[PDB]
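Accompanying notes for the structure given below.
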Amino acid sequence: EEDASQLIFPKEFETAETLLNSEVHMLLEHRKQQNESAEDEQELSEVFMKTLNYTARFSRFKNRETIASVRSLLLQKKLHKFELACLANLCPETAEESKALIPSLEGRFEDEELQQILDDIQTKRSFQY
Amino acid sequence: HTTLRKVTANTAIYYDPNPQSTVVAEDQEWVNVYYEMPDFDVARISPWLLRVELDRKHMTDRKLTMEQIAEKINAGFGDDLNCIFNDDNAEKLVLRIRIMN
Amino acid sequence: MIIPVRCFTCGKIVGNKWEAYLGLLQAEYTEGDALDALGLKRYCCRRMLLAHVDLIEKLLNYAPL
Amino acid sequence: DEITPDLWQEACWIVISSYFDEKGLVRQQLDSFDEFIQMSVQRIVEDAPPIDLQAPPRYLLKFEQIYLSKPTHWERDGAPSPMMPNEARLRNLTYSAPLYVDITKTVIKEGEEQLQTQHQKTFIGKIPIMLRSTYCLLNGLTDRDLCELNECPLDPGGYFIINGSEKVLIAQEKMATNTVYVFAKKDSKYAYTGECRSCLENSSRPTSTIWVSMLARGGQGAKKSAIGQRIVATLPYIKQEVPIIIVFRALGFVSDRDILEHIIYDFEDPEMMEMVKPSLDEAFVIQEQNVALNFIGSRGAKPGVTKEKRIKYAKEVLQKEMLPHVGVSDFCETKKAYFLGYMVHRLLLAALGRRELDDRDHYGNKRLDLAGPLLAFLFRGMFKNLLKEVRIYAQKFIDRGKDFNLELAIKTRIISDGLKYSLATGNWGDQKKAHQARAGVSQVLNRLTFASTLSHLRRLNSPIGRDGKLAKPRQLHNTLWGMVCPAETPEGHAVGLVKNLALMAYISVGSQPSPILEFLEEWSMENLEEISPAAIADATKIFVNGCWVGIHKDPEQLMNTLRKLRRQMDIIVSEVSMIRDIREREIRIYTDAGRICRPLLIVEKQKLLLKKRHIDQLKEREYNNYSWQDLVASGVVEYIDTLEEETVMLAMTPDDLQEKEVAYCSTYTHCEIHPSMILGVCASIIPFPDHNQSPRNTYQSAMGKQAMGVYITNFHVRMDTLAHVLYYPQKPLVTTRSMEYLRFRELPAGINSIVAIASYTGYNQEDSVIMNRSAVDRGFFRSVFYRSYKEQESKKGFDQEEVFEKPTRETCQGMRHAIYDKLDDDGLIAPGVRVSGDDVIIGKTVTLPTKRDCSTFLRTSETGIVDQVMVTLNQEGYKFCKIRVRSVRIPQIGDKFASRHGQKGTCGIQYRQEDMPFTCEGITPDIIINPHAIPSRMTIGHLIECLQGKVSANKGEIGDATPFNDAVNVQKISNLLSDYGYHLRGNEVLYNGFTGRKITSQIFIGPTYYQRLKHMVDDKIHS
Amino acid sequence: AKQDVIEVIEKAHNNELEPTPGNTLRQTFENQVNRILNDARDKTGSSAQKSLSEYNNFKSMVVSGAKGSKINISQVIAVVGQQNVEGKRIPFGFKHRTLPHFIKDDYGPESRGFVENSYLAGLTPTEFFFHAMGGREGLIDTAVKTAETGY
Amino acid sequence: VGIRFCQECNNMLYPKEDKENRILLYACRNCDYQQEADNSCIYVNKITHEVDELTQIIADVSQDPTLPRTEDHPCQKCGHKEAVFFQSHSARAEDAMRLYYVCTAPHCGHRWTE
Ligand SMILES: [Zn+2]
Ligand SMILES: [Zn+2]
Ligand SMILES: [Zn+2]
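Chains as they are written, first to last, in this note's numbering: chain A, 4 to 132; chain B, 12 to 112; chain C, 6 to 70; chain D, 57 to 1079; chain E, 47 to 197; chain F, 79 to 192.
Here it is as structure tokens:
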């Protein structure tokens, strides 16, 4: 009865704020650091390790400054919170790609203005090489 | 909708030490008679100028007049600056703008 | 790959004419003159000989199993 | 003496014949790879940073030289047996050659005693070798030898065999480097863009791009409005946009006058001076150079904690990160500033409108990356990771104090698998690196037809990303004339993105600019460091690969001398191109690779340099030690690129330049050999394309590739998943001169047909056609079909393994209902056994922890006979076999037939010879097409080709299909036909087969060439 | 038509041409030249329609209106016509010249893509490329037209 | 409209006005050196920018082979019949259509418009 394309999902998640894959890696790193050294506890669960690799492999940003800049840039617009992380995580190359991948954006975003947003994300995301 | 850019030909900022100097030779003939009346001359006037020329061809198409252009500049911007217009019959239209006294 | 047995249009035999066609070409005869000697009055049959390629010559270069 | 116009037609085609005989059709593929494997590979190893290991014990490892051997196969025995290219395809293994590198290590243990050891030919890895390249096993071999190796002599090669799959590196167009471009974008906050991506020679560091933008006047502010428009430059490692003026201060030009000297060359002109005034206001407060360095470092990516660190970071960024190509050392401040000032100067001209904005689609601004340049970038990815693996492996060894053996340090898998991965998958770059690979590269070679194979090798790809998106790659530009075929383009959403190289055009392989740089010094050329800025106002700027070599006092004399050297094959190679921007006093010399250019006859004083004697030698080109290269040596013909073609005048034919009643142009510099060369491989085979509509020519390009025919000669030996071979591939009655070079005459992909254009029984609509049943029974369009089935028995698991044997009902528990008598005692069906429907052709079982049947059945229900069976061992050493199932497809009502031009037409109905409309002489047309197609979705060339075919067959001479030959005309063809007792327009009286009464309308019948498309009904229904 | 275009070019070259109040000189010149070339195609094309006899097969198709159009016959017999790109004539891909063969800053019929040769007669090498440019635009528009219209 | 540099530090001389002598003098900021301006003009701005293109045309375009050559209009100070002509290359003047003639003589370099 829930669908991400139509922006329908359990009411509990409305209060929650989305997080980026790269940003989550920082939160996982903070959790990893304290567990490893701050306290003597059992080794982290396999689930924690699995998502850490996924976030690191798909991390589109180097430092917090790049993450914060994109978050602030997209916050100025009327972008929905669900689209906030989904757009940044996907990093669509062009406006046409984002709308097809994200049906919600095409409802309230024009073909020109959104293009000026995705290209901004491109200037922020950096390559290891 | 027409702007000053579409009706103006050229603009420059000239320097005149005293109000009667009018370093520009060509406009000295007509500015003198207009400036005889002490309008806004009750006190010192800055030695700067914002003389701007108006294209003759563009004015004819819009049927504009010098008084109409000057009125909007004064009314639109208020009393921050004062503008002086020349005779319409002149081949070249001279519009001199100086900051208000 | 090889010259067809007969004309696809009418059915006149053209495979046997290929051997004589090449022999006439090296005999200083013109391309169209050779066709007349073989007896190809129709243009459909002359097509089968004038503009034919014998690809089997290059295939035979490769050694067999 | 001179070439008379009555003889120019034959003379023009003779020089073209020599060009293809020497260069060929895949010279651009081979040349780039040869450069990559000869110099680029050496450069990467030579330019590698020193390897330093520390934890007292210091280890310095350096690579001395690279040795490359011919391809060999390493089996379990390890013997270096030669590996033939054909063996690679059959065994499904990559065709590649070993790579060897010399490693010299110097070790010092703080004992004041330095000793080193020599490692000769270290097995660094291996490099895939393009077929027919310098390192290939089939280079310089006569046609006789190629047949002995089961390789087609007519096959041009130029591809890589990876895992048994032939892959062609599709050229990817990229924006040219070390070039200043000014573009106008209405979406950006700034009016103009000073984009200029700068990179060193071949590649020492990743490409760095800087955008010297100019803020738009739209914004309004208290101070912004006053100064108005100011220039802001964004550094590659600086997030924020810093004023350009401050950059010069960081270089060392503290004085403000020096800033204007480098930017403004003509102080007399006041229009440009006023534009630079606002830029100085922002940077005025920064007067000292140290402050400028401090200012730039403030917004750096990783600002330093201490104040002094900010200056150091800015110093490194400007010195190294910024403008790497102009200078990489620490003593190039003057050179770097001059280039930076030029970028601002270029912006000023565009802003004022005195200089036209650079065209996005201009191919001169775009460079083509071939297998050479592409693989060169890839080779750095593994090599850089190779050092890390050695460093990481030694790191744990070094800290322990014991020496580390190099044999373990060097990783062969990364070098071997790294190149093999992308070349097979098509995803460029390493998969581990967390990015998006560029897909669409290294696609499987299309071997359906020989013409398709040639087109794929010369295929081009439009740029992707921001560059491609902003521009209009799909739209046809004027620069494509003679360089990229205009007609040829795939139809669909990706229309115009994929194109094909022009027949005569080739892409520059690449050369070192050092000989050109040294040449200028001995002449009047003066470097920037020697002269004052005031001397640049009147002189002309000289550029070598985008570098600021220095101005020259007299441009005319130097270029004339430079042109003479190019024609004489002196230190300046004919590949190099010199561009003279007269309106801008700029002389640009480019030597880097990726430049598309085509040959052009040189014209001097309205007279061709190509004389009769040159043609006479060419006529005897064989056994006389004369080739195309001699023509360039004599200076009769040179090469012009897109940028040089900008300022080079051209003449279509000598008749245009010899004399005219009114002189259109009295100064012709070059003359085209023949305009028809603009067409590509697929477009060249079309007669009268000018008579044909543009979409139809584009449509044929797609249909021509889909046409089925003899793709190569060694089809029997090889094994292909899909391969359609025609029973009787016959050369057309109407053929183009360029068809000879394509070798399509030797291996055609169609059969001629006497086509009568009439509406017979109304069984053919606009998209349809009527065939002759009797003709098909004689082999009118029949063709064979080959499908290769491939399987291996590998011991993937210790407990469970695959084996080849007969799956008996008793020993096997799980099985599918099918006939198993076909399989032999070895589990493989022997050649010569008819197979129909669902039948097992190879036996394979898995010994699960009793065995489960996992054999492979026929893909479709078609009835076919196995042609040949091959048993081999894969690269892993496990048994591997391939079998080719051969089936015969008879043309039927569902097959789709397409002419050489127009839309494909399905065979609406098949009629026997009796039912077909016979003429007076008794010639029943083989095929009948709908007349209603001719108007819109067909071309008059079909009627002209029919008229030419009738004359060609009647007169026994192959007609000429030159697109722009004035000799061939419709009226001339009609007159020739009338001499053989036929209607001048080709119309004939056809008697209806059913009713013998004459048809009121006289049908038009002629031998039109036709081709059978791969689309067949049997494949669809059998699925 | 070709002579008339030259006369228009000469008038603009000598500044004799006067722009219309609703348009600029550069756009006005492009409009005048387009009409001369457009009118020639229609006039020559119309004469071609009258040229065809009743027995002629080309006339039968168009007369009944089943397939084809009078413009198609015009491009086959009389003249192909101007090859407009992006709603305008062939742009100056090079510096003020459509192709290298044409002189700099050339605004003539052949230079700007006017195709004066019918399909039957055969197009000149310059015209063939200009014809391809016009056809390429149609294919691109057709490819996107179906995608948008289907949506 | 022009730009002048001081002799001390060779820096921009922004226009400054003094209230004592009532004379506009170009004075540098960082260095105390100041010089008077005799032009009495700070800058000019042509909105229509109808600047003659003759000064912009370079005399070295005579040897250009691509540029058309016409003998109808000879050079004023040479008499040579041959003369290369072309249209304005400035984007600002793209709206207008005009011809500019340049003498074909090797050293004359004369530019004129009819
Ligand atoms: Zn026959
Ligand atoms: Zn100073
Ligand atoms: Zn002169």
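Where a beta carbon is used, it is the ideal one built from N, C-alpha and C, also for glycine.
Here the alpha carbons of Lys94/F and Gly89/B stand approximately 27 Å from one another. Rounded to the nearest angstrom, the gap between the Cα atoms of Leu349/D and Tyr248/D is 26 Å. Secondary structure note for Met827/D: its beta strand (DSSP E) is the uninterrupted segment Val825 to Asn828. Bounds of the beta strand (DSSP E) holding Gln174/D are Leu171 to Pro184.
Of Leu510/D, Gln959/D, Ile979/D and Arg968/D, the smallest CA-CA separation from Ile985/D is found for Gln959/D. Contact of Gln119/A with chain D by beta-carbon distance below 8 Å involves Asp243. Per the C-alpha coordinates, the member of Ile70/A, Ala19/A and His33/A positioned closest to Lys127/A is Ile70/A. Straight across, the Cα-Cα distance linking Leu559/D with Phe1020/D is about 16 Å. From the beta-carbon of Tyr121/F, the residues of chain D found nearer than 9 Å are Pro326, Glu330 and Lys333.
For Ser269/D, the secondary structure class from DSSP, reduced to helix, strand or coil, is strand. By a beta-carbon distance limit of 8 Å, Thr71/B does not contact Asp99/B. Their separation comes to about 11 Å.
Closer than 7 Å to the CB of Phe506/D there is not a single CB belonging to chain E.
Of the heavy atoms belonging to ligand 3, at least one sits nearer than 6 Å to the Cβ of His188/F. In chain order, the residues positioned with their C-beta nearer than 6 Å to some heavy atom of ligand 1 are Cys12/C, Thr14/C, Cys15/C, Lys17/C, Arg47/C, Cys49/C and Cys50/C. The continuous stretches of beta strand (DSSP E) do not include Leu557/D, and DSSP gives it neither H nor E. Burial check for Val922/D: the Cβ neighbour count within 10 Å reaches 16 or more, so the residue is buried.
Membership of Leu1033/D in the alpha helix (DSSP H) is indicated by the continuous run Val1026 to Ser1034.
In the three-state reduction of the DSSP assignment, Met231/D falls in the strand class. For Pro127/D, there is no enclosing alpha helix (DSSP H), as DSSP gives it neither H nor E. Within 7 Å of the CB of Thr769/D, the CB atoms of chain C belong to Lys63 and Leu64, in sequence order along the chain. DSSP places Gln128/E within a strand segment (E or B) once states are collapsed to three. In the DSSP assignment, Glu317/D falls within the unbroken alpha helix (DSSP H) covering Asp312 to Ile319. Between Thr178/D and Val163/D, the C-beta gap is not smaller than 7 Å, which leaves the two residues out of contact. For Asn1010/D, no beta strand (DSSP E) segment is defined; the enclosing uninterrupted segment is the alpha helix (DSSP H) at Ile996 to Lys1011.
For the pair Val400/D and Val298/D, the Cα-to-Cα distance works out to about 14 Å. Around the C-beta of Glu849/D, 16 or more other C-beta atoms lie within 10 Å, and the residue is accordingly described as buried. In the DSSP assignment, the residues bridged to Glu95/F are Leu102/F.
In this structure, the beta-carbon distance from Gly760/D to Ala507/D falls below 7 Å. In terms of beta-carbon proximity, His59/E lines the interface with chain F, with at least one pair separated by less than 7 Å. In this structure, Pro113/D lies away from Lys182/D, with their beta-carbon atoms at least 7 Å apart. Between the region 87-107 of chain F and the region 788-804 of chain D there are fewer than three inter-stretch CB-CB distances shorter than 8 Å, so the stretches are not counted as touching. Using a Cβ-Cβ cut-off of 7 Å, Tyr67/C is close to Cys203, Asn206, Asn770 and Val773 of chain D, given in chain order. Contact check for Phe913/D against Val896/D passes: the beta carbons are separated by less than 7 Å. Of all residues, those with a beta-carbon under 6 Å from at least one heavy atom of ligand 2 are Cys84/F, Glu86/F, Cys87/F, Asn89/F, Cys106/F, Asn108/F, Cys109/F and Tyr111/F, reported in chain order. A straight-line Cα-Cα distance of about 13 Å links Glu40/B and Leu104/B. DSSP places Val600/D in the uninterrupted beta strand (DSSP E) bounded by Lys597 to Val600.
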